[PDB]
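Protein chains in written order, with PDB author numbering: chain B, 6 to 89; chain A, 6 to 89.
Structure first, then comments.
Number of protein chains: 2
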Amino acid sequence: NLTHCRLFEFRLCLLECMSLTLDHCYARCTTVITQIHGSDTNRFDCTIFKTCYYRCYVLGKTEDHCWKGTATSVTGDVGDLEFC
Amino acid sequence: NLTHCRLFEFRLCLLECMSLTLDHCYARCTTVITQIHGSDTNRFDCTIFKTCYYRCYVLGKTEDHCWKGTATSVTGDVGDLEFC
């Protein structure tokens, strides 16, 4: 249901951006994904997935544990924010 | 602290998009704002504010009360999702 979000493309960009220790990778990679793949990648359901994923990471856990956990359990529904 | 998010102009776009009864207004206005102001409007703190506001709206609370409530109470910190 989240094919329009290009969530794997965003993840690749974020990992490469962070590996270069750049600033504001979440913001910059959102901009590139928008410019490459268009406005549908900014839907609220895409935003829910990205927020669950990046919150998990920002709060200490590992990027990989956060990605798999979000990808397996989060469909982009607004209620997902209460367990992800 | 959230001046870089251009949240006022985002709401302007969102309200006009809704008055025209268009689809995917969240996506359309996120895209237009970044196409005007660049990657800074896609920072995670902007995303925290917007998610607090739009979740409140998606769950049936009036749009104006969600925006005003979020603007007085949300600074964009990751913990803000726990009460907004």
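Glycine included, C-beta positions come from ideal geometry on N, C-alpha and C.
Query                                                                                                       : Result
Nearest-angstrom Cα separation, counted from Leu-7 (chain A) out to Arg-33 (chain B)                        : 17 Å
Cβ of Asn-6 (chain B) within 8 Å of any chain A Cβ                                                          : no
Any chain B beta carbon closer than 8 Å to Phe-88 (chain A)                                                 : no
Between the CA atoms of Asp-69 (chain A) and residue 94 (chain A) - distance to the nearest angstrom        : Nothing can be reported for residue 94 (chain A): it is not among the residues displayed for chain A, which extend from 6 to 89.
Interface residues of the stretch 43-72 of chain B facing chain A [CB-CB below 7 Å]                         : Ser-44, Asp-45, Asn-47, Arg-48, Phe-49, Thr-52, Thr-56, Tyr-59, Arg-60, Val-63 and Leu-64
Neighbour flag for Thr-39 (chain B) against chain A, beta carbons, 8 Å                                      : yes
Contact list for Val-83 (chain B) against chain A, beta-carbon separation under 8 Å                         : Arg-60, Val-63 and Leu-64
C-beta neighbour in chain A for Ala-76 (chain B), strict 8 Å                                                : no
Cα-Cα separation between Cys-22 (chain B) and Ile-53 (chain A), rounded to whole angstroms                  : 21 Å
Contact set for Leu-27 (chain A): own chain, Cβ-Cβ below 8 Å, skip 5 residues either direction              : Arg-33
Cβ contact (3+ pairs, closer than 8 Å) linking the stretch 65-79 of chain B and the stretch 7-21 of chain A : no
Under 9 Å by beta carbon: chain B residues contacting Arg-33 (chain A)                                      : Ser-44 and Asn-47
Cα-Cα separation, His-29 (chain B) to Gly-65 (chain A)                                                      : 33 Å
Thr-67 (chain A): CB within 7 Å of a non-hydrogen atom of the ligand NAD                                    : In the structure shown, the ligand NAD is absent, as is every other ligand, since no ligand is present at all.
Residues near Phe-15 (chain A) in its chain [Cβ-Cβ closer than 8 Å; skip 5 each side]                       : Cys-34, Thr-35, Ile-38, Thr-46 and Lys-55
Beta-carbon proximity check, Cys-61 (chain B) vs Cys-71 (chain B), cutoff 8 Å                               : yes
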